[PDB]
Amino acid sequence: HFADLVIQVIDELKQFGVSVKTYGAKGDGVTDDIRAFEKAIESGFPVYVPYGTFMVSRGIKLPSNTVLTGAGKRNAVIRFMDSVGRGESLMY
Amino acid sequence: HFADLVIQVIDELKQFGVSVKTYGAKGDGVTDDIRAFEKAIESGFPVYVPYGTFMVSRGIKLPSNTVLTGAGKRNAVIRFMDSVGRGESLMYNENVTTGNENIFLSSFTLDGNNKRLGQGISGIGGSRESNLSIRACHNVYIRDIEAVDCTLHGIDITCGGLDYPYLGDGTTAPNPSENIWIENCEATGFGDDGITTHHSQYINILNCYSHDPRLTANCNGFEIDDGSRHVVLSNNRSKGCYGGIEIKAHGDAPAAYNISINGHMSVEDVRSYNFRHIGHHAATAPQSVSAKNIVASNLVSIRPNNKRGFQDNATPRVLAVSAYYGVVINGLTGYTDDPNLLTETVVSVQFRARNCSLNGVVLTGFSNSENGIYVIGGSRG
Amino acid sequence: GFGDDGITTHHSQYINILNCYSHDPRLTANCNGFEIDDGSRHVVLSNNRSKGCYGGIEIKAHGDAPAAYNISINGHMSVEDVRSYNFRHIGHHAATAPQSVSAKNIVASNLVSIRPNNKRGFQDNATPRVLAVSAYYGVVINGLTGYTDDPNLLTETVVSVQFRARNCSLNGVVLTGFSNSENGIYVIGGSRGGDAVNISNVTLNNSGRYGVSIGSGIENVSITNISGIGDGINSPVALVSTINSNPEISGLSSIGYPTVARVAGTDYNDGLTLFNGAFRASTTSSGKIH
Ligand SMILES: [Ca+2]
Ligand SMILES: [Ca+2]
Ligand SMILES: [Mg+2]
Ligand SMILES: [Mg+2]
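Residues numbered from 1 in each chain as written, not as in the entry; some residues may be left out. Chains lettered and ligands numbered in written order. Part of a larger assembly, values for the part shown. Heavy atoms only, no water. Residues with missing side-chain atoms left out of burial classes, pairs and counts.

Going by the header, the method for this PDB entry is X-ray crystallography, and the resolution given is 2.15 Å.

The name that the PDB entry assigns to chain C is Preneck appendage protein, with the source organism given as Bacillus phage phi29.

If you look chain B up in the PDB entry, it shows as Preneck appendage protein from Bacillus phage phi29.

Next comes the structure, spelled out in structure tokens:
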């Protein structure tokens, strides 16, 4: 309960803007983080992606005027889950 | 005791991955932070380097699949301590013999601290004592790195082993580096060459800047040396060096072949573009079996001179081609405001060189040289 | 590890693709490192690399598509691809087929093709090329280097201009190591061949049994400054070869080729200087010249 206050101080500092973990992203290579992304992008803020394997169950949609910068190649990873259907691009 | 909890919350957030300060790095310009680095890299996490002068007592080894990104040039600085011995490169890959894979180095200064050794000293032998040394490695991406005060090279790409191999001409050395990318990097105050390749293939050197070497020998801004092949150099700059770009080899080495230059600026160098194969220039000497294929465009040579007296005061050149077969030059501009710097020959093709195309050349200001363009004849012309 | 193409454009304009790296596709169809496809225009590609693909860079279109036009390449490295640089317009190659109204304008510099091969068997084992130009009008190439250490990978033709292609300039070309291919540079003639092409400042280091080859029925080709070496070639024939007599030729030299020039079934063993059409030299003024 203590760490959550420290986190929510940083999440309002917005060093890179709004982090995607602020909206409930794990990036643990298992958890479906799709809803965290959609929320972060529609907020109107530059979305940042820190370290982790951010799994996804459906394609990430990108509206107008979006800034999406991560921590690097093989650092901030975005992946489709082993049970995603057909017809969608990972990012579009 | 309170701050330590706040820190250890952030250290688990991993905004850039694991910070190097998490493992006990100070970056205060005094503390030896070597153990903090080694721990961070072996953790399997992308290591981040924040602000500070991160001192070191021995060379940083880099295993396979490492991401090492800092806070920028002249921001995240890595330095050798005033009491480090001889025989190590500031940063280099762990497996010296068989190399490593998938290394990514971004946004930091590397101060080799050659200053500590005294005036006019270079590497003790082989690829040893560079600010960065990539040996026998596959898929290496080097970005936004500044290499200052270097013992040997700023950045060196080579094959397996600490010594450079000399298997004669027409040979291809074992364990070569492969798929290398070097972008936005800077090399200065080096002992031998700013940025250099050996016995390695598939390399893009882009938008870099090598300048102002410490010494007076074969001190080239960019040197594509022994055994090198399939290299593109694009939009780099060199200044105050002997050769702006040198594509050569030694006698007992195979010459660099299939090298491309997509634009270059050469400022106040001695021989702005110098291609040759040492030991294959004389008439009685055996013919090079390796010195082939150079394509160069948009070459700029500015104020070529030898005021610093490189290579026993070798005469200045905008371009010199020797031994090589198949050299294509499209669009070359040589400019000088001082006619006394170059007096012999502005451009020359020589020493057994064949199949050369000079197309679209502007040479101006060389109003005191004997020859603009000179194809030398004679016994080995 | 892609299914179709590494990096690709369609029906879009104003694009800079810079310092990228597309390689090693999963499949075996039209798997190109970079593919500037249907409807594309005004694209610059600079200092990219491709490896282990079919086409290193492909600028094409499909039959029912307009061809990519006004495309620039400011340097490229193509490693172990099948057809390092492959330009065409499918459905506009055959003689009876309608002429492309879209396949125009390609400018390319500092092109590097390394070890072109088809070991993986792309496109029904299509024959390897350093460069292949088809259908397109107005192709400029300045500074091209093809290199191989293995002569068996490419055996047919190192460079070819074909399938209704027009207005092509090959300038500053070094092809080496292709000592087992039939042709270094080949402008194919015949019913749907290439025409209106300039080949200048070309050095062939053991590359092609026929160094430069011009097919039948071709009206307008210019060949200047070609020099070849053919010692290490398996049974070399001619440094330059031309089946008809109306290409123009100057500045030919070679060592190791039994014939420097074969033109209209005639050996010119130490080279030729040939101009066609009205001629005038060292005169102040003139009227009509047939
Ligand atoms: Ca040197
Ligand atoms: Ca395709
Ligand atoms: Mg060297
Ligand atoms: Mg397509």
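Focus on the sheet that holds strand β5 (residues 68-70) of chain A
Residue and element names in this part refer to chain A. The cut-off we apply is this: One bridge is not enough; two strands pair if DSSP finds at least two bridges between them. The helix and strand labels rest on DSSP assignments: H or I over at least four residues marks a helix, E over at least two residues marks a strand, and numbering proceeds from the N terminus.
In spatial order, the strands read β1-β3-β5; together these three strands make up an open sheet with parallel pairing. With partners counted over all chains shown, the strands left at the sheet margins are β1 (18-19) and β5, one partner each. Sheet analysis places strand β3 (residues 47-49) next to β5, joined by three bridges and oriented parallel. Note on β5: the bridge partner recorded for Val 49 is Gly 70.

Digging into a nonpolar patch on the surface
Note the cut-off: Residues with no salt bridge and a relative accessible area higher than 30% make up the patches, which join like charges within 9 Å and nonpolar side chains (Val, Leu, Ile, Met, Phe, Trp, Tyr) within 5 Å. Where accessible areas are quoted, they stem from the Shrake-Rupley method and a 1.4 Å probe; at the residue level, only the protein chains shown are allowed to cover. A carboxyl oxygen of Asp or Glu within 4 Å of a side-chain nitrogen of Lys or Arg is what we treat as a salt bridge.
Together, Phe2(A), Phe2(B) and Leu5(B) make up a nonpolar patch on the protein surface, roughly 330 Å² of accessible area in all. Considering the arrangement of structural elements, one finds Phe2(A) in the segment before α1 (3-13).

Quick notes on the coordination of the magnesium ion (ligand 3)
Tetrahedral coordination by four donors places them ideally at 109.5 degrees to one another around the metal; octahedral coordination by six donors ideally gives 90 or 180 degrees. Residue and element names in this part refer to chain B. What counts, and what does not: The rule for donors is simple: N, O or S, within 2.8 Å of the metal, or within 3.2 Å if the metal is Na, K or Ca. Water isn't counted, so a site may look like it is missing partners. Relative accessibility thresholds used throughout: buried, under 20% of the residue-type maximum; exposed, over 50%; partly exposed, between the two (1.4 Å probe, protein chains only).
Donor atoms from the polypeptide that coordinate the magnesium ion (ligand 3) comprise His 198 (NE2), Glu 223 (OE) and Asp 225 (OD), at 2.5 to 2.8 Å from the metal. In the primary sequence, the donor residues of the magnesium ion (ligand 3) line up as H-x24-E-x1-D. Residue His 198 is classed as buried on the basis of its relative accessible area of 2%. The exposure class of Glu 223 is buried, given its relative accessible area of 3%.

Section: the interface of chain B and chain C
For the record, the criterion: The contact definition used throughout considers only heavy atoms, calling two residues in contact when any of these lie within 4.5 Å. What counts as buried area is the accessible surface, traced by a 1.4 Å probe, that two parts surrender upon association, with contributions from both included.
If you look at the interface, chain B gives 32 residues, while chain C gives 31 residues. Between chain B and chain C the total buried area reaches about 2,400 Å² when both faces are included, carbon and sulfur atoms providing 52% of it. One can count one salt bridge joining chain B with chain C. As a salt-bridge pair, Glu178(B) and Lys51(C) come within 3.8 Å of each other at their nearest N and O atoms.

Describing the pattern of salt bridges
Throughout the structure, instances matching the rule amount to 29 salt bridges over all chains. In this structure, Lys248(B) engages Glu246(B) in a salt bridge whose closest nitrogen and oxygen atoms are separated by 3.0 Å. Judged by relative accessible area, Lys248(B) falls into the buried class, the value being 0%. In this structure, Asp267(C) engages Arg262(C) in a salt bridge whose closest nitrogen and oxygen atoms are separated by 3.5 Å. In this structure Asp267(C) comes out as partly exposed when scored by relative accessible area, which is 39%.

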